[PDB]
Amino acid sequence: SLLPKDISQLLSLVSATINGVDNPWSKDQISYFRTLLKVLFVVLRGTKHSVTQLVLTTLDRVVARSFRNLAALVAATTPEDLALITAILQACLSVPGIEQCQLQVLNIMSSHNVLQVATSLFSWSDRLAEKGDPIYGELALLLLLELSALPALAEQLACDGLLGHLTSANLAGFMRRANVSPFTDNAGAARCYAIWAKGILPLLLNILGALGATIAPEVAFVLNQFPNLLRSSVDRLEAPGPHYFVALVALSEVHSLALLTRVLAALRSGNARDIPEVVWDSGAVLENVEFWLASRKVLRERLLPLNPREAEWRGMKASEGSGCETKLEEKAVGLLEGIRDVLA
């Protein structure tokens, strides 16, 4: 064989190279494996075709197998190794040609332990991360979340009672404490919010891939066991005049909840199965949204980036059809503008 000239031949060579590594995650050569995975991630993101069999071969031999090993708390491995694996999964599922072979992924995943152990890890988190924050809590859900974008795998989680494990977990008591907020001096509460906003809620939006005829009483019951959050989500976006700033995640949380409560309501009018009502004042949200839409100046002043990624497109700019000055504002505008459409 010659040198790789195609992006697919590069993918073959990198993947052929990953399998060659005798003992991954071993104290010696764990660091070399770490950058191989990073090379894989670059190539996979590079697969915009700017071939699909390799990606499916990668999902078993690389992604599934590695997570199985990551339950090692005996070993030079870190949370960021899991995050790297979660990342490689995203790159795989973004490649053109995938999403037609979802049962394939379902097949591949279910073969290993995976979501069973991913769920296990979620119920573990606090005993395994009270350095300050349940770091493995968010990592587990984000793994599940990425998979839940595939409707078939979404059905498996609910059938295996993921929503049951979510509320029964020890974590459910920490998220329930009234200190959970994106702007906390506490590391735990800050991660608790991350698990709920960036994990639980987008999970629920996807689990309703089974049309919400079923699971709707279960998704409504999940939300119903975090009322301090349903209450906080509205108060956080309150027009200026115990909250100083406003985050982008706060807008997506409310965006998620607005979709859930509306879809649930369009399923409650079915009058055919008991879908519990969820206490979430839509009225306050709408008004809060309008008095942030009509004030781009006071918006960009109070709006703060929380992630190094979000800060990138904060100092950036994207005018086009201009109602915003910076790109971060545009994304901020985009979110709460959709919340207006939904609740209407």
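Numbering starts at 1 and follows the sequence shown.
- Where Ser50 is followed by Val51 in the displayed chain, the model omits 10 or more of the deposited residues that sit between the two.
- Unmodelled residues of the deposited sequence between neighbouring positions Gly241 and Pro242 number 10 or more.
- In this entry, 127-135 has the higher mean Cα B-factor, the comparison being between 127-135 and 192-200.
- The mean Cα B-factor in the deposited entry runs higher for 175-183 than for the other of 175-183 and 78-86.
- Taking the deposited Cα B-factors for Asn224, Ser111, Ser256, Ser232, the highest one is held by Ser111.
- When the C-alpha B-factors of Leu303, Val42, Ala294, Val63 are read from the PDB record, the largest value belongs to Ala294.
- Per the deposited record, the Cα B-factor of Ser148 falls in the lowest third when ranked against the other modelled residues of its chain.
- Residue-level temperature factors show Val55 in the middle third of its chain, judged at the C-alpha atom.
- Ranked within its chain, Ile98 lands in the middle third, by CA B factor from the PDB record.
- In the PDB entry, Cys324 places in the highest third of its chain by CA B-factor.
- The deposited CA B-factor of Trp313 belongs to the highest third of values across its chain.
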